[PDB]
Amino acid sequence: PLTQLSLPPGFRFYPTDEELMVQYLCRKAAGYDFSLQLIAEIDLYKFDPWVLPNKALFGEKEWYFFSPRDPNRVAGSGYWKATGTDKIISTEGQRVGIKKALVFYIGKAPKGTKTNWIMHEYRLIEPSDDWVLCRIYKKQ
Amino acid sequence: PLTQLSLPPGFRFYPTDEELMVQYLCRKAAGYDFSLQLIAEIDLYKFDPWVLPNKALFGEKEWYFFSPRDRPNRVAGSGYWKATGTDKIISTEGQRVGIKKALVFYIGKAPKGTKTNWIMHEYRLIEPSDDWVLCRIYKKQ
Amino acid sequence: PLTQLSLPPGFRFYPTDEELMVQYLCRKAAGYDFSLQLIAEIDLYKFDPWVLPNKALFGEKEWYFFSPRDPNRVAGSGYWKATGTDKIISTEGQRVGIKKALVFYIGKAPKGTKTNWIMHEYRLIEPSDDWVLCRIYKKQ
Amino acid sequence: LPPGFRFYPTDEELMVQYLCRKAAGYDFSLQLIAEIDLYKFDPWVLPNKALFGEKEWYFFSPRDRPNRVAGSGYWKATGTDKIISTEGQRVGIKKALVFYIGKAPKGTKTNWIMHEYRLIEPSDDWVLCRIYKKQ
DNA sequence: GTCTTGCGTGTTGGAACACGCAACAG
DNA sequence: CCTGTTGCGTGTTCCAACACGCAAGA
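Chains as they are written, first to last, in the deposited numbering: chain B, 8 to 77, 86 to 143, 152 to 163; chain A, 8 to 78, 86 to 143, 152 to 163; chain D, 8 to 77, 86 to 143, 152 to 163; chain C, 14 to 78, 86 to 143, 152 to 163.
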């Protein structure tokens, strides 16, 4: 799924906080070729994250997915705990998205043990198909 | 100038230290050719850093170039580039192939020059005692 | 409070990272003359640091105090932000203390502006009278 | 000396408060910085000669009228001799040196340092030396 | 003098570790 | 209700590239 694009060495997918909101998250409901076809669809909360790399269409130390919009939602042998401060993403002065940090703890809150597996969950600002886009990676 | 590879949206150039040395410096170095000139030949030491972006074929905040190899604080334009840190080594599969040495542009006459936010990362090939170095260029903050 | 000791010119107070822990911080709970009597007691976090020199018993470009053991603790028109790496102090192989760096920013985190006023906060390693000893000086 | 107190005289003090007190040939209450011929010696024998000093010892030595041989080595000058001022008047230069062992320039470097403070003059004569070992 | 690589420690601001305000259930 | 239980932000300190600039020899 990589060299359908025929990429030269050194090139990587380094999307902005801004691109992810506008070009990916927003465009999927609309049906875009490169958008329908370039990122794997999955319910992230059914699995332990260390299973995910083999199920991701690509990635070397980071992976991206679309997952159903929703607390300490259970996944595998653990739970996701919000960390840091949600940040607002703007393009040309409009709020289009929110970047949210999470940390995976194994076990059951608040008796869980922290792990190094991390998520960044990006969402659009809007009232009541409807997905969030998530980045996964491993610390240190 | 990139647009002969129908760029996917979102894609940017973040080659590893290991790739630049080997996939770039060597491809050019065995003197083998590239499909396209992506990293252009230039004499970087004839120039002001602020004129350089105009010379890069692409790059938004970084531009990379190849420049002819020296056979220290080489004067270039209005300044001098000052070396920094400990030159660091690039390895591939347990073999050493290159050193990236960082520099900063000072304007003026050494050592009475003044510091800038301009950085160079210069990648070079290893050898025993058609000769190029590879330079990453960018401006801080 | 200086020439009770009758000092010859050229002499200054240049305590080691090690002396401050052992001879000063540790000895005060014990009631030592030169220790009760040589360093001013103050709650550092009620004041802006540029007020402190007149309230310090001595110092020319540096000042030292004992202050109550405790985040972005407000002081005056600002906040103290941890900087660098906490360092461990040992004497003859025992950890007796920690040296901690801080920088004063004016305003309210994380919208503060950095100033050149600096602190080194030294503390003993022990569960929960109980003070930290702090050095103050000015960059540049 | 009370506990905690150590000798960290400024560049400006050493020149004036020390070198001059001795230099107008005026006396001191106590000899704190002793007279010695430093260039007769190995740096590692020197601490034994300092009347105090834990990591630094300072001494006074008779004055020259370059890489002066001393003991098993030679001292090599470094940096740009730096100037000491007091109240906008220049009074002295501190020049740093390092001890090399052997025969110049085939000698070998050490961790031994000298800072030599000296008095200014026009075209009973001493220099003042700070001694210490690095790292 | 002139002009350098090669080590040192400041300054930054990034993002994770652990405490309670705020809410759902029991 | 009025508490018991089950999540979620938000202010700290950590951890670390990156070079800054004396300073040394080249």
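Backbone N, C-alpha and C define an ideal beta-carbon position, used for all residues, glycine too.
Residue i, DSSP secondary structure in three states
i: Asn87 of chain A; result: coil
i: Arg34 of chain A; result: helix
i: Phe65 of chain D; result: coil
i: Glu107 of chain C; result: coil
i: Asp24 of chain A; result: helix
i: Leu9 of chain B; result: coil
i: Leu156 of chain D; result: strand
i: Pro15 of chain B; result: coil
i: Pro142 of chain C; result: coil
Check: residue i C-beta below 7 angstroms from any heavy atom of the ligand SAM
i: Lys102 of chain B; result: The ligand SAM is absent from the structure shown, which contains no ligands of any kind.
Enclosing beta strand (DSSP E) for residue i [first to last residue]
i: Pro75 of chain D; result: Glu69 to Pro75
i: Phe18 of chain D; result: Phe18 to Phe20
i: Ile49 of chain D; result: Looking at the DSSP string, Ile49 of chain D is not in any beta strand (DSSP E), and its letter there is neither H nor E.
Within chain C, partners of residue i - CB distance below 7 angstroms
i: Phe20 of chain D; result: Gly17 and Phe18
i: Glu25 of chain D; result: In chain order: nothing, as chain C lies at least about 11 angstroms away.
i: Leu12 of chain D; result: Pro15
Residue span of the alpha helix (DSSP H) that contains residue i, given as start and end
i: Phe41 of chain D; result: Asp40 to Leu45
Residues bridged to residue i (per DSSP)
i: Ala116 of chain D; result: D:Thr98 and D:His135
i: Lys161 of chain C; result: C:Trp132
i: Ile121 of chain B; result: B:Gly93 and B:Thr128
Interface residues of chain C facing residue i [CB-CB closer than 9 angstroms]
i: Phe41 of chain D; result: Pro15, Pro16 and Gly17
Within chain D, the residues that residue i reaches when beta carbons sit closer than 7 angstroms
i: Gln30 of chain C; result: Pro16 and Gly17
Contact set between residue i and chain B, taken where Cβ atoms lie within less than 8 angstroms
i: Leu45 of chain A; result: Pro15
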